[PDB]
Amino acid sequence: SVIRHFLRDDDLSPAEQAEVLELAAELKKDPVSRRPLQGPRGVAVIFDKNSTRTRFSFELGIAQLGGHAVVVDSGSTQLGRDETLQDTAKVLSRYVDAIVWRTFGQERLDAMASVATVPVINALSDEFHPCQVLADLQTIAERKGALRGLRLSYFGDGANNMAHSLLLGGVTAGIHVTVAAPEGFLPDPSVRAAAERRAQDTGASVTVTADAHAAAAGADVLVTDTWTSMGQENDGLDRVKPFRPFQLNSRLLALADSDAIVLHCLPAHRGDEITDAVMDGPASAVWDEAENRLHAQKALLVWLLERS
Amino acid sequence: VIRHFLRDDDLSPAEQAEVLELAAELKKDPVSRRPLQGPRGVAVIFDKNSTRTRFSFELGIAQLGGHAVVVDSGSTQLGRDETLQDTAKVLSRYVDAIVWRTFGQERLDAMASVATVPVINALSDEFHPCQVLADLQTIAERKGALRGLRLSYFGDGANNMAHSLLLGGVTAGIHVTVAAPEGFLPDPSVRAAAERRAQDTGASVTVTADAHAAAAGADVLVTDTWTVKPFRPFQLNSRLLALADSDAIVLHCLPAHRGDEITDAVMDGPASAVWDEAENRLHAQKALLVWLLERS
Amino acid sequence: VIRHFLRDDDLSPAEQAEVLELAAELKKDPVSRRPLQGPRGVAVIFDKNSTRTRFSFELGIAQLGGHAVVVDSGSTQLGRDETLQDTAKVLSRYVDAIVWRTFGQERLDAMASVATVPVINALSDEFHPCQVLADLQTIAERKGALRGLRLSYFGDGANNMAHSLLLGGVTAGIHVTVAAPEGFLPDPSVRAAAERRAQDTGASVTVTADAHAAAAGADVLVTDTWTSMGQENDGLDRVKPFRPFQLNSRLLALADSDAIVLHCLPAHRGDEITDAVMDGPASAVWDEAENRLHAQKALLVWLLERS
Ligand SMILES: FC(F)(F)c1cc(Br)c2nc[nH]c2c1
């Protein structure tokens with residue numbers, strides 16, 4: 001049987017992503033009804049950098065599937081350094097049934113997935129955050145119903161992991177995705193081209209614009225994220241001035257549909273990419289969105305384990 | 001309607017009695033209560049590591065059917081853009097309770113006003129209320145009724161054990177004496193809260209520099225590490241112990257620096273209940289969790 | 001009496017055979033034994049971290065129905081804050097067994113002298129007895145009966161793997177050879193203990209600087225890294241003396257044609273072992289690594305029922 005991995009959002013076809021999201025809704029209703037890891041079987045959860053959301057959602061989600069998460073800070077273990085990556089993956093494949101890895105370069109994930117004989121999941125990387133976007137899609141479906149044909153606009157740094165994954169995962173769900181970002185901060189060209197091609201299959205579309213007002217108008221869903229990740233703090237750029245016109249504020253939200261909702265991958269810098277009034281107001285779905293990391297990641301793991 | 005346990009007086013006298021009864025029932029049947037079956041999650045967060053706090057809470061939560069997500073001090077420095085209100089809101093979607101070892105009471109109070117699940121003070125600078133629940137469980141199983149008993153704490157009277165022994169002690173009806181040198185006395189608002197609670201239970205509060213009179217007729221003698229000249233007269237030694245009531249029991253929340261605040265002869269002797277006391281952290285904290293969860 | 005496992009000879013030949021049989025049974029049926037159901041707790045304490053030791057113990061304890069409380073080295077180190085005796089007395093109230101990776105053997109002996117639960121040496125400076133249980137399980141599943149096999153270890157002859165292959169090997173009736181350069185020889189007390197145990201089992205102990213002689217006709221070839229972190233600053237050139245003892249294709253070709261190769265991992269490819277040997281048909285290093293899980297579960301089951 002071919003071993004399935006989930007490193008980027010387009011690793012699932014449109015029909016596959018729909019199966020995962022339906023399973024996420026089922027598991028939210030009945031959270032201990034699927035026990036593929038009963039035993040317990042192990043799952044490795046490896047961090048090159050920590051995250052409250054990633055830690056809590058995976059460790060508890062794996063336990064609720066009957067399994068046992070072994071949670072490792074790769075800084076402490078010096079992964080890749082004390083032995084080859086291939087040697088590590090061969091031994092992991094003997095102790096666990098899946099590998100969940102938060103790491104930086106996408107090439108590292110690809111390397112691990114090409115040698116491991118268990119599913120590899122990208123918990124969060126520099127280029128993609130596909131588990132967050134599964135949770136986002138679950139949240140949108142909860143509140144709006146059918147995903148096909150919705151209009152979603154993302155604002156801020158157009159080349160970070162959330163911009164890339166909202167493009168790929170959004171068009172895989174049939175959502176028309178707009179990225180509003182200033183010049184110099186636009187999506188990676190190969191990611192954009194992949195999203196445009198996948199959008200053809202689903203009847204969705206990809207738009208990239210510097211006009212925040214135009215991106216917000218008529219939108220069903222508005223999304224933003226922090227303007228700067230940790231690796232970019234020393235990149236030499238002013239990472240405030242280019243982004244101020246793209247702030248998700250009350251004025252911008254008033255341009256979207258009356259029933260629009262707001263999403264934000266945590267953490268948030270209130271006053272930069274998003275204001276208190278929007279973050280804490282009635283259109284915000286950020287806390288359900290964070291909860292749904294637990295359910296959507298469980299669904300992904302059930303689905304990958306069962307097909308591998 | 002969400003109950004928290006940040007200081008000993010957060011429990012009324014009747015409520016503390018319920019928790020201690022539950023601790024005794026759970027010591028006898030440790031897997032008979034499964035409110036976290038699933039597993040449901042509990043966060044166990046350390047701003048500063050505490051190995052013995054981690055053992056008792058992590059195993060206790062598991063024996064309730066749950067799964068402890070244990071976060072050590074290394075991640076205390078939250079990353080860029082992380083807050084406390086937002087952390088509390090997210091934790092409340094993943095876990096059914098939050099156990100937190102932090103420093104200032106201000107931080108505990110802040111988490112508790114935002115979180116929609118119970119918050120437990122695992123250990124703080126001002127109070128150690130889970131240790132005192134275990135201490136009261138230890139006294140009761142060895143001596144029976146706590147009301148009327150006479151307890152004396154020796155040493156640093158300004159630290160978290162002195163404060164919690166005052167508040168939790170008088171909540172149980174114990175006559176509490178702190179014996180401490182001049183610069184190391186209870187915080188005055190804590191002392192006043194304890195004097196107030198004591199009127200409801202028939203207990204009392206005494207603060208003295210006279211170790212001999214604190215030990216004289218004591219039923220329970222407690223000490224704790226000092227951190228050093230001002231504490232030497234309060235050393236819990238063979239000599240003070242002779243002054244107490246017969247069958248008096250000695251407590252010490254660990255670790256002990258043998259030959260500083262307490263002697264080998266007292267700690268290894270037949271008055272010592274220090275090992276049962278340490279075990280009872282497990283039972284008393286499980287009881288507290290069961291009790292908080294069913295009211296929240 | 002409470003049984004501890006601090007060194008390989010803590011098990012008699014008969015008891016070691018019982019543990020290894022249990023490891024084969026647990027490999028077949030990994031969740032059929034639940035002595036820690038509840039869960040009961042097991043302490044897994046690291047004075048220095050070992051990730052593969054963490055994985056195997058943490059999952060193994062869970063599959064016995066228990067809950068491992070894992071303490072990494074980022075906590076205040078045992079012994080500094082209170083006596084080891086005091087710490088052992090508290091641990092004994094919280095858990096049913098203590099698994100500990102520490103440094104000198106006297107710390108293990110101290111903890112076991114007072115603990116009322118079994119103490120297991122996860123890994124120490126002098127011995128690695130759980131790794132050698134996994135090694136023996138691997139050899140037995142690749143070779144059948146252990147008695148009379150010839151095993152040669154190459155490299156630093158005084159590290160924990162050399163000492164444990166000597167002790168655990170002769171306990172199983174294996175003729176053990178340590179091939180090491182002058183000045184890196186087994187501890188004499190350990191060599192004498194292995195020589196005495198070998199009289200009971202028909203085994204033998206050989207120590208030699210002749211790598212070629214040690215490889216010739218061997219059934220099992222073993223090596224390990226030449227240097228631990230603790231040794232990086234010891235002032236020795238820790239490469240030149242060891243290159244004649246590299247486990248490479250030429251050395252392997254001297255052994256029996258059905259010989260297998262073990263390495264407790266991690267490996268430094270190109271130093272103590274070559275890519276060709278470690279990725280070739282004689283290598284059993286991946287089954288070896290997996291068997292840490294099964295052999296340590298067997299040990300825990302066995303110690304818990306005898307204590
Ligand atoms: F699979 C093993 F063996 F347990 C493992 C896992 C990790 Br994550 C590691 N990081 C450095 N060495 C490692 C070894």
Side-chain angles (χ1 to χ4, degrees), chain A residues 5 40-51 54-55 58-59 62 67-77 79-80 82-89 91-105 108-109 111-125, chain B residues 74, chain C residues 44 46 48-63 68 70 72-74 99 101 122-123 128 130-131 133-135 138 161 224-225 228-229 262-269 271 273 278 283-297:
Chain A
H5 52 258
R41 319 280 280 151
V43 172
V45 182
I46 306 165
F47 293 88
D48 298 4
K49 181 178 178 180
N50 184 46
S51 159
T54 305
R55 174 75 191 270
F58 272 111
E59 184 174 335
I62 287 155
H68 180 84
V70 181
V71 180
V72 174
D73 187 85
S74 147
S76 302
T77 64
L79 190 148
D82 77 319
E83 77 191 321
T84 68
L85 182 50
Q86 195 177 190
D87 288 357
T88 295
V91 171
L92 280 171
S93 303
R94 299 301 188 99
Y95 296 144
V96 300
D97 285 2
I99 297 164
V100 175
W101 194 9
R102 187 266 185 272
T103 196
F104 306 113
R108 297 180 63 83
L109 282 158
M112 173 82 84
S114 66
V115 310
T117 56
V118 295
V120 176
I121 290 167
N122 172 13
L124 173 61
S125 74
Chain C
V44 186
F46 293 94
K48 176 167 122 57
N49 302 336
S50 164
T51 292
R52 79 186 65 250
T53 298
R54 180 178 176 179
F55 267 78
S56 57
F57 268 114
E58 179 178 338
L59 287 158
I61 290 153
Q63 293 170 359
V70 178
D72 276 342
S73 67
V99 173
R101 188 269 186 274
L123 175 60
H128 204 322
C130 295
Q131 183 64 63
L133 286 178
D135 288 358
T138 306
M161 280 314 298
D224 190 10
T225 48
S228 70
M229 291 179 201
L262 299 178
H263 190 311
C264 67
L265 302 187
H268 297 159
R269 288 159 173 278
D271 299 322
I273 193 172
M278 182 177 173
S283 176
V285 305
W286 310 127
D287 294 337
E288 195 193 352
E290 181 191 329
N291 286 338
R292 292 285 300 276
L293 168 70
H294 311 304
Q296 287 164 185
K297 290 161 71 176

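Below, each value reflects all heavy atoms present in this structure, side chains not excepted, and no hydrogens, waters or symmetry copies. Residue numbers start from 1 in every chain, and the chains themselves are labelled A, B, ... in the order their sequence lines are given, proteins ahead of strands. Whatever order the structure lists them in is the order used to number ligands and atoms, beginning at 1.
A/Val71 has its side chain out of reach of A/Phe58: every pair of non-hydrogen atoms, C-beta onward, lies at least 4.5 Å apart. Between C/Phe55 and C/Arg292 the shortest side-chain heavy-atom distance does not fall below 4.5 Å. Residues A/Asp87 and C/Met278 form a side-chain contact, since some pair of their non-hydrogen atoms from C-beta on lies under 4.5 Å apart.
Atoms of ligand 1 found under 4.0 Å from any heavy atom of A/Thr77, numbered from 1 in the order shown, are 10 (N), 11 (C). In the vicinity of A/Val91, heavy-atom distances shorter than 4.0 Å reach the ligand 1 atoms 1 (F), 2 (C), 3 (F). In the vicinity of C/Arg52, heavy-atom distances shorter than 4.0 Å reach the ligand 1 atoms 3 (F), 4 (F), 14 (C). Those atoms of ligand 1 that come under 4.0 Å of a heavy atom in A/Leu92, given as number and element, are 1 (F), 6 (C).
A side-chain N or O of C/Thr138 and one of C/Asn291 form a donor-acceptor pair less than 3.5 Å apart. In this model, no donor atom of one side chain and acceptor atom of the other lie less than 3.5 Å apart for A/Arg102 and A/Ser74.
Comparing heavy-atom distances from atom 14 (C) of ligand 1 across C/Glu290, C/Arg292, A/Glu83, A/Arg94 singles out A/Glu83 as nearest. Nearest to atom 12 (N) of ligand 1 by heavy atom, out of A/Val96, A/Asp82, C/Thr51, is A/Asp82.
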